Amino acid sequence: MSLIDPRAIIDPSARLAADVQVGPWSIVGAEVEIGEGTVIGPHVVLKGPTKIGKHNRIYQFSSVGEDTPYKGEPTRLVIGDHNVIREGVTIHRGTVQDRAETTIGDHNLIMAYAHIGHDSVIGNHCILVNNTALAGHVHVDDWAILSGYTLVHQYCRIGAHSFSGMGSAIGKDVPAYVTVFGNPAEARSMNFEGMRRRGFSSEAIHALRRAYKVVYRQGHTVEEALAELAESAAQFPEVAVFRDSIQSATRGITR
């Protein structure tokens, strides 16, 4: 049996690496580029201009590279390497001219029926659990986990190693390591489980626990908090990752 199933439709403008697998009844549309070792399942719709990197797995009933719901404006979707895109996932392209294309990095897991809205940016090692929805212009940093049915408002930033509880509705920025829950989302604590899994030192975990309290439990303003964290951020690069996510928040921080 051929690597490209004879029941699949490959557009003559699509560029594929030699070992790409494409399952039956799948469409690889115009201007779709697919890298080495990628596996396209059956019943998949791929639309371009889209770049899919190496060693990716895209499951049935997914629509990857769709137009968002002027004529001829260049729009693009870039997906890196070692990603898993499960059944029914929808991923929209993003505008090129303004450097706001839809981008997905490496080693991500995008679970069933998740939605990635136009101009969203997903880093590396993220997990978007079933039916997570990024409205659009969402920035998800490395190792973030969004539990099932997490809804993210347009323009929100989800910090590195952050966590959302199931059914959370995020309206403001989530700082690095922070855990959020409910509709509307509220900050609860820090992802100490994720910190341990990543092999963080005891001094680094303690400095981060102290950092959370400075921001959320000591009644200080964002301006007051950032000034107090300066000393701790200089000694630990992980407290600096927390400090930078607060400093770069536009919609305010999830409290």
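Each residue number is its position in the shown sequence, starting from 1. Just so we're on the same page, rigid core means the largest C-alpha set that superposes within 1.5 Å between forms.
Across the superposed structures in 8 other deposited structures of this protein, aligned by the core, the stretch whose Cα atoms lie more distant on average is 96-104, chosen from 153-161 and 96-104. Where the structures in 8 other deposited structures of this protein are fitted on the rigid core, 224-232 is the one of 57-65 and 224-232 whose C-alphas sit farther from the shown form on average. According to the record, 1 to 3 deposited residues between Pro69 and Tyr70 are left without atomic coordinates. Judged by mean Cα B factor in the deposited record, 221-229 ranks above the other of 192-200 and 221-229. Mean C-alpha B-factor is higher over 241-249 than over the other stretch, the pair under comparison being 241-249 and 5-13.
Listed residues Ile34, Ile58, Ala207, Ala187 were ranked by CA B-factor as deposited; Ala207 comes out on top.
Ranking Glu87, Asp81, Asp98, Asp142 by the C-alpha B-factor listed in the PDB entry places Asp98 at the top. Per-chain ranking of the deposited C-alpha B factor places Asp106 in the lowest third. The deposited CA B-factor of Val214 belongs to the highest third of values across its chain.
Looking at the C-alpha B-factors along this chain, the one for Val22 belongs to the lowest third. Per-chain ranking of the deposited C-alpha B factor places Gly117 in the lowest third.
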